[PDB]
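Nothing in this text is a laboratory measurement; each read-out follows from the coordinates by a stated rule. Quick reminder, even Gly has a Cβ in these numbers, built from the backbone with ideal geometry, and neighbours come from all protein chains shown.
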Amino acid sequence: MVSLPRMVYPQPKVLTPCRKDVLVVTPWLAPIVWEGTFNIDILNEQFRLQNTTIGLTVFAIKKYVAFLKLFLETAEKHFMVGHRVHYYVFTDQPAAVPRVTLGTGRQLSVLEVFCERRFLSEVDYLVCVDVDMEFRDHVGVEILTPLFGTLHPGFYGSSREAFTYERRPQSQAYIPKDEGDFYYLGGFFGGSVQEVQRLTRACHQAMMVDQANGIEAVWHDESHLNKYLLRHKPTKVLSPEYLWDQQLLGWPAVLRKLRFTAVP
Ligand SMILES: CCCCCCO[C@@H]1O[C@H](CO)[C@H](O)[C@H](N)[C@H]1O[C@@H]1O[C@@H](C)[C@@H](O)[C@@H](O)[C@@H]1O
Ligand SMILES: O=c1ccn([C@@H]2O[C@H](COP(=O)(O)OP(=O)(O)O)[C@@H](O)[C@H]2O)c(=O)[nH]1
Ligand SMILES: [Hg+2]
Ligand SMILES: [Hg+2]
Ligand SMILES: [Hg+2]
Ligand SMILES: [Hg+2]
Ligand SMILES: [Hg+2]
Ligand SMILES: [Mn+2]
């Protein structure tokens, strides 16, 4: 909307690829976010001029409340630093949520298990992630777009036939062996509030239909997420840098950074 100010940075090289080891754009022209593909200074300017507010949602039920401290502490160090952030912690143990110190312009709401309409009036984007994780490096506005999915660290190099999609035609999450772009994680997705609510509403209805027909998708919510993103292409896809497990997968050369990881 508003003009960017004068900025001094390296000129992009038309005849020099960003990365020659990985795919950086999908066949529907959605960028695949890898380190080296974006200039964060330009993106930060663009989103700050919009006074962007990002909502980060996590569920912490039962024993999972134990992961909140590290999750929030590291998010304060690496998640959208500099931008407005609103944390939404859904838990069955409100009094168990740790008292974490937040930077200015960032807030946290504890919701005991809220109106879906509230999201529309409080944030511009919603980022939904698993709580038994920790941020280890930058996770910023480069991920913001109408709808995004993240490449599962265990299948990013696999062929579609190897993807663990739901293969039973009786399930609404059914995806045949000759279909599929990528295998997306259920633990890290997001986009505009409108698109995220459309995705979760679609998933909710599809799972209800499956339940009625007495069937449960092989990987539950994640199976439906994959069906949704197959039929509604994400406008950005995040590389495995955004959700990794160093204990189980190490640190491959293809990953210049490990940004969000599983907690042992
Ligand atoms: C992080 C590397 C994990 C590779 C092992 C297979 O990971 C599982 O993949 C299926 C889909 O085929 C589901 O997505 C499971 N939820 C995955 O395992 C669980 O989540 C991954 C990220 C790991 O944290 C693993 O330890 C969990 O069991
Ligand atoms: O009793 C439970 C089970 C799961 N979760 C949430 O569901 C996410 C996914 O579950 P889990 O960690 O068990 O799955 P994994 O990533 O190991 O496949 C977790 O990160 C939690 O945020 C929760 O809050 N309470
Ligand atoms: Hg580049
Ligand atoms: Hg969400
Ligand atoms: Hg989530
Ligand atoms: Hg669902
Ligand atoms: Hg879903
Ligand atoms: Mn998890």
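Does anything in segment 224-243 have its amide N under 19 Å from the 7 Å Cα→Cβ label point of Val263, and if so which residues? 242-243, by backbone N distance to the label point.
Bridge orientation summary for the chain: considering DSSP beta bridges with both residues in this region, about 30 percent are antiparallel.
Length gained on full extension, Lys13 to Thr104, computed as 0.36 nm times the residue gap minus the Cα-Cα distance: 29.0 nm. Which value, in debye to the nearest 20, describes the size of the charge dipole of the chain about its Cα centre when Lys and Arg Cβ atoms bear +1, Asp and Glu Cβ atoms bear -1, and nothing else is charged? Dipole magnitude for the chain comes out near 460 debye. Taking the chain as the region of interest, the number of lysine pairs whose Cα atoms are within less than 28 Å, with members eight or more places apart or on different chains, is 17. The shape of the chain can be summarised by an equivalent ellipsoid whose semi-axes, obtained from the alpha carbon gyration tensor, come to 28, 25, 18 Å from longest to shortest. Each peptide in 245-254, 90-99, 191-200, 46-55 was scored by the mean count of other Cβ atoms within 10 Å over its residues; highest first, the order is 191-200, 46-55, 90-99, 245-254.
Sorting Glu134, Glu179, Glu161 by the number of Cβ atoms found within 10 Å of their own Cβ, with the fewest placed first, yields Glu161, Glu179, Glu134. When only alpha carbons are used to place a centre, segment 47-63 and segment 172-221 end up 21 Å from one another. Panel order for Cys115, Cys203, by other beta carbons found within 10 Å of each beta carbon, from fewest to most: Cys115, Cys203.
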